[PDB]
Each structure stands twice: as C-alpha cells, then as structure tokens.
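Have a look at the structure below, then the notes.
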Amino acid sequence: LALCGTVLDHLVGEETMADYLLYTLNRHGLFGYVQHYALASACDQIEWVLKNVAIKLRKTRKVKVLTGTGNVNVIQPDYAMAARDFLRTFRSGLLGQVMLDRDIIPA
Amino acid sequence: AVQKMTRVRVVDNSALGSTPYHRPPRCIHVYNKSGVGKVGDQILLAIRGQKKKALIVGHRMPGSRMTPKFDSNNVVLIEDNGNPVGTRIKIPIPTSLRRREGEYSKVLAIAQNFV
Amino acid sequence: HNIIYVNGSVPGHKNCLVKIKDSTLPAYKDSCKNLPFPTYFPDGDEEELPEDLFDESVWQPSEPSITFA
Amino acid sequence: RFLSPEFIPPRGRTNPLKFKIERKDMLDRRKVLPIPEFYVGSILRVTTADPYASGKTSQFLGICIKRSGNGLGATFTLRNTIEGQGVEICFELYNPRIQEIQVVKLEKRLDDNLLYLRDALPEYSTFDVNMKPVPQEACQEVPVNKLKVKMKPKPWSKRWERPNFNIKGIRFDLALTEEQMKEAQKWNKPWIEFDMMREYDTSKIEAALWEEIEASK
Amino acid sequence: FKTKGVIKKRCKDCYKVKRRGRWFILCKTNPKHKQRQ
Amino acid sequence: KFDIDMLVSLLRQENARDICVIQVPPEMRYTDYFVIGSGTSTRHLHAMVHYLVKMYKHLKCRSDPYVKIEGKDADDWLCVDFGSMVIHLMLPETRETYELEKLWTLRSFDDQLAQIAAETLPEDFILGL
Amino acid sequence: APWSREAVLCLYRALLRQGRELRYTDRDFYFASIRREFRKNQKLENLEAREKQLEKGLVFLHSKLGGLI
Amino acid sequence: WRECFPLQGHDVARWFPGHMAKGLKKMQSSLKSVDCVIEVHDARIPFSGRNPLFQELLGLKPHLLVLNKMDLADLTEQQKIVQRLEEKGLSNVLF
RNA sequence: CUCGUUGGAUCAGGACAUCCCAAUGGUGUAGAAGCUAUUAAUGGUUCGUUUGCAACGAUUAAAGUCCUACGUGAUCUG
Ligand SMILES: [Mg+2]
Ligand SMILES: [Mg+2]
Ligand SMILES: [Mg+2]
Ligand SMILES: [Mg+2]
Ligand SMILES: [Mg+2]
Ligand SMILES: [Mg+2]
Ligand SMILES: [Zn+2]
C-alpha cells in the first residue's frame, strides 16, 4: 500500500520502503533499475544500492554522526534522496511493470 | 539526561544496532517515574522500524563526584527476557551498575572493561 | 569554639541567628534522657570534655583512609 | 611557595572563624595523605577505593583540566580517553577513600582551563594508562607547555572563540576565518580588565596563610 | 449485605434484627442470606 | 562458612552438568571469583539456584546483606551476585552462543572482541570530478 | 605457518598437562574445550592468524590457565 | 541470492485522519442518491490490500470493481486475476 | 415539497453517582486472578503520534464521571 503511494510516505519512511522495492524487484528478477541507474550488474544490499545511486544523482548532505569523542557534523551521501528518487521512478514506470501480489495467483 | 527523541549510541556488538548505518537510534520511552533517564535506567529504543528495549550505561550529563562522565550517550540493547542482545561490550562500562537496584550482572559479565 | 555540626540545610542567611532545640518528632521523644538534663555547667567541672566530640559513624580527620573491605 | 588554591578564602561576609576550622581539619588530613603540587594540565594518577568492590581499589589516569572549590570541598577534574571513549571524573581532594595522588608530569598550560579539549582532536586528550613518571626538578620554575591544539569542525560545546573565555591555547587561525574572529570581538567588553574594584588582593592573606600552614608542618 | 428496599427471609433459619437503626436478616447457616435495609 | 569450596561442593551435590571456576585478579574492580555452571533444564536452574540461595541465608551472612536472584524473567540464564563471588547459570545453548569462558579466560584476546574493531573517526564523503 | 610445529605440539601437550593439575573446575570440560578449539583453529590458518592463535597458549598457559582454578 | 523478507517485529501503520472518518458518514448519508457504486483500486495491488468498509457499507447498491493504473502493472496472467475476483463474486471487472 | 457556539494554555472551586490509595461484607472466595456490594471526597488522577475531535503507541497504583454561562478572551490564543 505504501509502495503504490496510497499512504503518505512520511509515516512509513522512504528508507524502509526503499528496501522493500529491492527485495520485491530482486525476487521478481526484473532488474530494470541497473540499466536506469548505472551501478552494477545486480545487488541485493539496500545500503549498497543507495550509496551508488546518490553518487549518480550527485546528492549529498551534512548529517550529525554520534561518535565516542563527541558529536561531529560530517558530510555524508544523501541516502534520503536516493530512497525518494528511487521510489518516484518505480511509480513512473521507468523500472518496469511489476505484480506485487505475484505470489498469490497460485493461491 | 536521556529523554524522548534523544539520538543515542548503541555501544554493543549486536548486528541489528551495532552496524554503522541508518539514523542514530531515538529514544521513545523512559522506564522511570520521571522522564529523565540516567545510568542504569531502561529505555525503549526505536531501531530500523522496530521497538527494542535498551539499557543506559553512560550519558553526557554531569553526575555525582567520583563518577565517570562520558563524551557521548551510550546505551546497550537488552532483550525482553533481560538477556543482552550483544555478545560483547568493549567500551568501558561504569561499575556503579552493580549496586544500583535492578538486574545488571548480565551486562557486567558481557562488559570486559570497567571504569 | 562552641560549634555544633547540624546535618543538611538550616533556614536563614549566613550569620543569621537561629533557635536550636531538641527535636519534637515522635522517634526523638526520649532522646534527652542520656544528655545533660538541665544543661552542662563547665564551671561545675564534673568532667573535662574533649575539644571535639564525634559520632560513631563519622570518620574523623587524621584517621587511616577508609577502605571498603 | 606553592599555596594550594583551596586555602585562599573567597571574599564575602563569612566570618574567618569558618575558614580556620576547615583549615585545621584539612591540615590534619594532609599529614595522613600528602597532596602533591600540581597545576591544570598536569597528568595525574589517583588511587581510590571502590565501595562496590570488596577490599579492592582502582586507579584512573588523566590530565587535570579544572581546579575548583574552596576549603575541604576542593575538587579537581582529570580527563582521559579509553578505547576511543572520552571520560571525565571530578575528584575530591580530601575524600577519605582516596589512597594516593601521583603527579605523573608536573606542568602548566597556557590556559587556566582545558575544558576546550572536548572540541580538540582526540590525540590532544589521549594519555597512556601505564605511562611512567618523569623526573622533576624542585628547584626550578614549573614547565609551561605552550602547545596550541587543533580543533574539530566548527560546532563546539561552547563558543571558545568568544572573548569572555579568553582562551589562549587554541589554533583559531586553522579553524576560523579572520572575518569570524572580528565578529567575536563585538562581545569584547574591554572595560572589565581596567576596573580597579574587580580585583581581589590576597597578598596579606596569602602571607598570613603560609605562616600558619608552615607552622603546622 | 445488599441494600434493598424490601427485606425478605430466604430460609427458615433466617432471623430478623434491628442494629444501628436499620433492619438486618442474618442467617447462621448461609452468610449469603445476610442483608441490610 | 559460605565460601568457594562449600559453594562448588554444593553444586556437585545438585549435580550441575558443567562447572567452571575462574579466579579474578585484583586489578579488575570486580568479584574475587567468577563461576559458571550449566543446567539440564530450566527447572534444574530454578531448583539449584534457589537451593544455593537458601543455603547462603542459613549459612551465616548475618552481617552481610542478602542476594537477589536474577534471570527469573528469562528461561535460560540465571545469575546470582554474592559480594565476593558471582555465579552465572545458563543452558548449554546459551553458554556456547555467548562464550563467557573465553571472555574471562582471555581478557583482551577473545575472538569476539578481536572481530570488533575500533570505528574510524568519521571522515566526510567528498564527491570528486 | 606457525612459529614452529614443535612449539605447537609442545604448547598443545602443555595444556593437557596443566589440565591434570586442577582443583575446582571440571577436569573433563577443560580437556574438551582445549581439544575442540585446537582441532578447529589450527587446521587452516595464515601467518598472521596462526601467530595470534598460537599466542593464546603463551598468554593463557602463563596466566594460571586463564584464571582456571 | 536473497531470502524471504522477515517481519522482525515490524508494525502496520495508518494515518486515517478525521476527514477520512468524516467522509465516510457522507457516503452513508448520500447512499440514497447513488444509483450504482464504482470501486476503483490500483491494478498493481489487486486484492492484497483493500478497504472492506465500502463493500459492507455500500453493498446495498450495485458495486462494480475497476482496477486503474493498469499501465504501471504487469498483466501476464490477467485472466487468472479475474477468476479470483470472480471467485469473491466480483465477476464484472474492467481494467 | 431543508437546520438549529467552542478546543487549547494559566489557575483551578465544589459535588460523589469512587478511577486509584484506605476500611470491609458476600462469593458459584482452596492458593493465586477476579466478580458483586457497602462505607469513605483524604491526596492523586501521564506523555506523544496521526488532527479534526476521533483513533493510535508506549506507560501508570489509576490514566474517574460530572458542575462552576467553552468554569476562566478588561489573563493569552486556534
Ligand atoms: Mg561557582
Ligand atoms: Mg551543549
Ligand atoms: Mg481543584
Ligand atoms: Mg458513597
Ligand atoms: Mg502536544
Ligand atoms: Mg472575563
Ligand atoms: Zn438464610
């Protein structure tokens, strides 16, 4: 329901949703994203895909990171934009047509 | 003074929380009659779309004399049954947890260092 | 120097006169029996008291450092 | 003559009799335990008994970053970093569960406070736990280490660049542009250093205290 | 000791009493039958 | 008197499957002795743990304060903390997973601590050409 | 790979001797613990890993068998 | 490769504000003026997630289900999907 | 053949038709949870998320039901 945009993405969180897209797309095997996002042949790590796509979009942000010696604001790749931008493409059909409930047809 | 919404450091080795990615875990609930939680006080922590109970082992607020004040708010993830999630705790843990009212011996066994 | 060491905080500013008195709480109802009944008269010289009087739990200075054996 | 800071009374309306009583108790403890001379920035090792443990003591090594308190309430904070975790402990000089105080390195730093080390790089506050004591020369002036530390990114626990702190041990130039430094001076408050009624003169008191302190011997 | 408008005996052993300004039926055999007005 | 020899002897009486005794050097500000024991079943842990505590209360400790029983919330790990000795009792599955013995036997070479490495100081990710 | 295969044999054998000299901890368990660890770790190793793993016995044996009593 | 996504304590969440609840009352009030009811749902999620309130509350009037956004969905076995909808009783369905 | 003031903040006063604390009866009250009833107004009676009030999440010994012209806009605000 969140993936198709029926519910507001804020409360669920794009980051958590972004993972579900990778799992579903990988399970389905429709590796459309790799062509649209030139990252690698295939991947199933949510962290890995988010890292590279941010570089592709040249998106970065400054995020506070907790460390033993204090709190330091250190520039970091903009993971959030990757989730949001990645999500938008899926619903715009760039990745490809999918059947979220493909498992249930056998019933 | 750990309260609601505080970003906290999971000083542990649990794969769920110890891995360095995602936003720092935020405190949702403090198991005290007062909101403020200090060393040895349990708190409810939200991690990666999940609610996990944790235990405070250090904080940045000044304490009573002869007590260790850390430079970051440290917390340890604890299962519901009380067994700690992580198998090891290498960063020093204050020894006051032994005499504080509650069950802390399990954490002390896991924590090799002591300050 | 006629100095009494009283636990915690006492009302008033520093150099403010106070009214010290035997406690009226129920637990302290009969604590005056052991102490001098009317008062202590040094002029009587019944006994020569030390300069400093301590309580058993108090750790006096110049004693060995406390060890929690 | 190094007079420990706590001995000097703070000004006010308190009667001297209160200080005299406290000094007598303090001097008695000094006989049992010797408090070695040290200044902010010196590395110290303190042995203290742990109430939680049974007949077991503990030691903590760190650089003394602050000296505070007067009389029997005097305290000092010494800092160190262990396993990449910074720790600060406030220690009471006359706490009866302190066994020994050791001055690993007797030295003075450009600043009267080293609180800004929290914003400095980790190396400037890391000290070896087992570092051996260095030789010391009594018939000398206490060495003044003039190291200027390097700071971490701009957001600091406090605005150390501001004139009120008067920090003289930070390399501002590397961390702060010249324009920022001029902005800080808008809070300079130059008049304070030249008002003759803000000065607390303890020449007579320091002389008076030294005789009595030495008299007890 | 249910407070009811009408007090009615529930057993032969039940007896009536007038205690502290109100009517009571107390049954030795069964404490259940105890009532108040 | 309540002591290590009596405590371990009582453990052998109740027949704990696995018994481990570790002397703790005074350098660590912790218990003098550290003991680990295994148990056949969750009931076995409850029975033995209660039995040891009951003996402690009867066996002296008049001046010493009493000891809480921890781990009753869980079903696989119960730990009891005496002033000078602490005994952690866990089932075989819990024991192997945590590997308590290696931690205390090897203070700083334990593989679990060896696997963990000090995190690098956060360095800004800079995009280049 | 190791510092010396003679030391490995000597070291492993030394642990077995130490186990025979024990008072409180179970004799059987200690033998099993050393055997299982030695059988696994020492089979496949590199120069760095083997040197570190061999360091166990040197520190462990020379430290009252890790505190075992 | 990969494995089934584990729940691991994940919780279902919803926003369901007042206007969503207030709007439902008007649907009940305005039911009389409605000759027939059209159910519009996303094609990519035919029946995994649905609102049961409509069918029970609006079951009185005739209801026909239409699955929009068919372009953004894969329909290799559309015929099978209709059978499941027909199995539920919603035989008349247009994409 | 369509419809007719009020949240919140601050401070709260009182009623008891008692939510919790306290004192008890009966029990289809073995022990442990309860259920039913009476007496009692003593102090207490949570923090948020969605946001138009209805839900929700975590807690608490309990998160009472009502009156005081939304209790209270010459105290403030939607
Ligand atoms: Mg002050
Ligand atoms: Mg601050
Ligand atoms: Mg009121
Ligand atoms: Mg009543
Ligand atoms: Mg609010
Ligand atoms: Mg008015
Ligand atoms: Zn009857």
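Each chain in the structure tokens gets a letter, A, B and so on, in the order shown; residues start at 1 in every chain, and ligands are counted from 1 in the order they appear.
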Using only C-alpha atoms (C1' of nucleotides) and all ligand atoms, which residues have at least one atom no more than 10 Å from ligand 7? Output them as a ChimeraX atom specification.
/E:9-15,25-35
Residues within 12 Å of ligand 1, counting only C-alpha atoms (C1' of nucleotides) and all ligand atoms, as a ChimeraX atom specification
/D:10,67-70,74
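With only C-alpha atoms (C1' of nucleotides) and all ligand atoms counted, the chains near ligand 3 contribute these residues within 10 Å: residues 11, 12, 13 and 14 of chain I.
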With C-alpha atoms (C1' of nucleotides) retained, could you export that selection as a PDB file, in the first residue's frame?
ATOM      1  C1'   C I  11      -5.213  28.897  37.778  1.00  0.00           C
ATOM      2  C1'   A I  12      -8.387  25.956  39.364  1.00  0.00           C
ATOM      3  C1'   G I  13     -13.572  25.973  43.412  1.00  0.00           C
ATOM      4  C1'   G I  14     -17.089  22.327  44.691  1.00  0.00           C
TER       5        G I  14
END
For chain C, which residues have at least one atom within 9 Å of chain D, if we go by only C-alpha atoms? Write them as a ChimeraX atom specification, please.
/C:14-15,59-69
Any residue with an atom at most 12 Å from ligand 6 counts, using only C-alpha atoms (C1' of nucleotides) and all ligand atoms. Which are they? Put them as a list in words.
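Selection of residues at most 12 Å from ligand 6: residues 69, 71, 72, 73, 74, 75 and 76 of chain I.
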Can you pull out every residue with an atom within 12 Å of ligand 2? Use only C-alpha atoms (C1' of nucleotides) and all ligand atoms and format it as a ChimeraX atom specification.
/A:70-71 /B:1,60-61,71-72 /D:118-119,155-159
Would you save the residues from that selection as a PDB file, in the first residue's frame, using N, CA and C atoms?
ATOM      1  N   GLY A  70      32.558  12.742  20.820  1.00  0.00           N
ATOM      2  CA  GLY A  70      31.662  13.876  20.754  1.00  0.00           C
ATOM      3  C   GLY A  70      30.623  13.678  19.668  1.00  0.00           C
ATOM      4  N   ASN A  71      29.989  14.788  19.302  1.00  0.00           N
ATOM      5  CA  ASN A  71      29.061  14.845  18.180  1.00  0.00           C
ATOM      6  C   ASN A  71      29.672  15.722  17.096  1.00  0.00           C
TER       7      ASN A  71
ATOM      8  N   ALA B   1      21.145  13.183  30.641  1.00  0.00           N
ATOM      9  CA  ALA B   1      19.689  13.179  30.688  1.00  0.00           C
ATOM     10  C   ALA B   1      19.107  12.661  29.380  1.00  0.00           C
ATOM     11  N   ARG B  60      26.083  12.020  28.921  1.00  0.00           N
ATOM     12  CA  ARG B  60      26.908  13.221  28.897  1.00  0.00           C
ATOM     13  C   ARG B  60      26.635  14.167  30.056  1.00  0.00           C
ATOM     14  N   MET B  61      25.630  13.901  30.874  1.00  0.00           N
ATOM     15  CA  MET B  61      25.290  14.861  31.913  1.00  0.00           C
ATOM     16  C   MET B  61      26.229  14.699  33.108  1.00  0.00           C
ATOM     17  N   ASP B  71      31.669  11.282  27.000  1.00  0.00           N
ATOM     18  CA  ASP B  71      31.514  12.303  25.974  1.00  0.00           C
ATOM     19  C   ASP B  71      30.366  12.014  25.019  1.00  0.00           C
ATOM     20  N   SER B  72      29.716  10.859  25.145  1.00  0.00           N
ATOM     21  CA  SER B  72      28.566  10.524  24.321  1.00  0.00           C
ATOM     22  C   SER B  72      27.581   9.715  25.150  1.00  0.00           C
TER      23      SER B  72
ATOM     24  N   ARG D 118      37.559  19.208  24.800  1.00  0.00           N
ATOM     25  CA  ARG D 118      36.429  18.434  24.303  1.00  0.00           C
ATOM     26  C   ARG D 118      36.220  18.665  22.817  1.00  0.00           C
ATOM     27  N   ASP D 119      36.499  19.876  22.346  1.00  0.00           N
ATOM     28  CA  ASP D 119      36.375  20.213  20.940  1.00  0.00           C
ATOM     29  C   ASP D 119      37.673  20.017  20.169  1.00  0.00           C
ATOM     30  N   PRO D 155      31.116  23.441  14.983  1.00  0.00           N
ATOM     31  CA  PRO D 155      30.136  23.382  16.077  1.00  0.00           C
ATOM     32  C   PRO D 155      30.752  22.814  17.344  1.00  0.00           C
ATOM     33  N   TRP D 156      30.949  23.677  18.336  1.00  0.00           N
ATOM     34  CA  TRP D 156      31.622  23.322  19.573  1.00  0.00           C
ATOM     35  C   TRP D 156      30.642  23.347  20.737  1.00  0.00           C
ATOM     36  N   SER D 157      31.021  22.665  21.819  1.00  0.00           N
ATOM     37  CA  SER D 157      30.183  22.666  23.012  1.00  0.00           C
ATOM     38  C   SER D 157      29.976  24.084  23.526  1.00  0.00           C
ATOM     39  N   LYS D 158      31.004  24.925  23.424  1.00  0.00           N
ATOM     40  CA  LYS D 158      30.904  26.330  23.785  1.00  0.00           C
ATOM     41  C   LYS D 158      31.600  27.166  22.722  1.00  0.00           C
ATOM     42  N   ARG D 159      31.294  28.463  22.718  1.00  0.00           N
ATOM     43  CA  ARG D 159      31.879  29.400  21.761  1.00  0.00           C
ATOM     44  C   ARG D 159      33.237  29.847  22.296  1.00  0.00           C
TER      45      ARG D 159
END
Residues of chain H in strand (DSSP E or B), written as an NGL selection string:
:H and (37-42 or 63-68 or 73 or 93-94)
Just the selected residues (N, CA, C and O atoms), exported as a compact mmCIF listing (two decimals), in the first residue's frame, please.
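Saved result, again37.txt, follows:
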# COMPACT_ATOMS: atom_id res chain seq x y z
N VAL H 37 -22.52 2.04 -7.55
CA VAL H 37 -21.24 2.35 -6.92
C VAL H 37 -20.13 1.72 -7.75
O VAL H 37 -20.23 0.55 -8.14
N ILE H 38 -19.09 2.49 -8.02
CA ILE H 38 -17.90 2.02 -8.73
C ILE H 38 -16.75 1.96 -7.74
O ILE H 38 -16.46 2.94 -7.05
N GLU H 39 -16.09 0.80 -7.67
CA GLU H 39 -14.92 0.61 -6.83
C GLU H 39 -13.68 0.73 -7.69
O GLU H 39 -13.50 -0.06 -8.63
N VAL H 40 -12.83 1.70 -7.38
CA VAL H 40 -11.59 1.94 -8.12
C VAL H 40 -10.43 1.58 -7.21
O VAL H 40 -10.33 2.10 -6.09
N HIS H 41 -9.56 0.70 -7.68
CA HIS H 41 -8.41 0.25 -6.91
C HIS H 41 -7.21 0.08 -7.83
O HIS H 41 -7.37 -0.14 -9.03
N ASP H 42 -6.02 0.19 -7.26
CA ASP H 42 -4.81 0.12 -8.07
C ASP H 42 -4.63 -1.28 -8.64
O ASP H 42 -4.86 -2.29 -7.96
N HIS H 63 -22.35 -2.80 -7.03
CA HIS H 63 -20.95 -2.41 -6.99
C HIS H 63 -20.19 -3.11 -8.10
O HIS H 63 -20.31 -4.33 -8.28
N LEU H 64 -19.42 -2.34 -8.86
CA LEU H 64 -18.53 -2.87 -9.89
C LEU H 64 -17.12 -2.39 -9.62
O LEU H 64 -16.90 -1.22 -9.29
N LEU H 65 -16.16 -3.30 -9.74
CA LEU H 65 -14.77 -3.02 -9.41
C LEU H 65 -13.98 -2.74 -10.68
O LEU H 65 -14.04 -3.51 -11.64
N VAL H 66 -13.26 -1.62 -10.68
CA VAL H 66 -12.39 -1.23 -11.79
C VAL H 66 -10.98 -1.05 -11.25
O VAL H 66 -10.79 -0.35 -10.25
N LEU H 67 -10.01 -1.68 -11.89
CA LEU H 67 -8.61 -1.58 -11.49
C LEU H 67 -7.90 -0.62 -12.44
O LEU H 67 -7.64 -0.96 -13.59
N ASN H 68 -7.60 0.58 -11.94
CA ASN H 68 -6.94 1.60 -12.73
C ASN H 68 -5.43 1.42 -12.68
O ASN H 68 -4.91 0.48 -12.08
N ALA H 73 1.30 -1.70 -14.17
CA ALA H 73 1.23 -3.05 -13.64
C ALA H 73 1.53 -4.06 -14.74
O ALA H 73 1.39 -3.77 -15.93
N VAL H 93 -15.37 -6.96 -13.82
CA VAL H 93 -14.23 -6.11 -13.51
C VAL H 93 -13.61 -5.64 -14.82
O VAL H 93 -13.40 -6.44 -15.74
N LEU H 94 -13.31 -4.34 -14.90
CA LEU H 94 -12.67 -3.74 -16.06
C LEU H 94 -11.39 -3.05 -15.63
O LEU H 94 -11.36 -2.34 -14.62
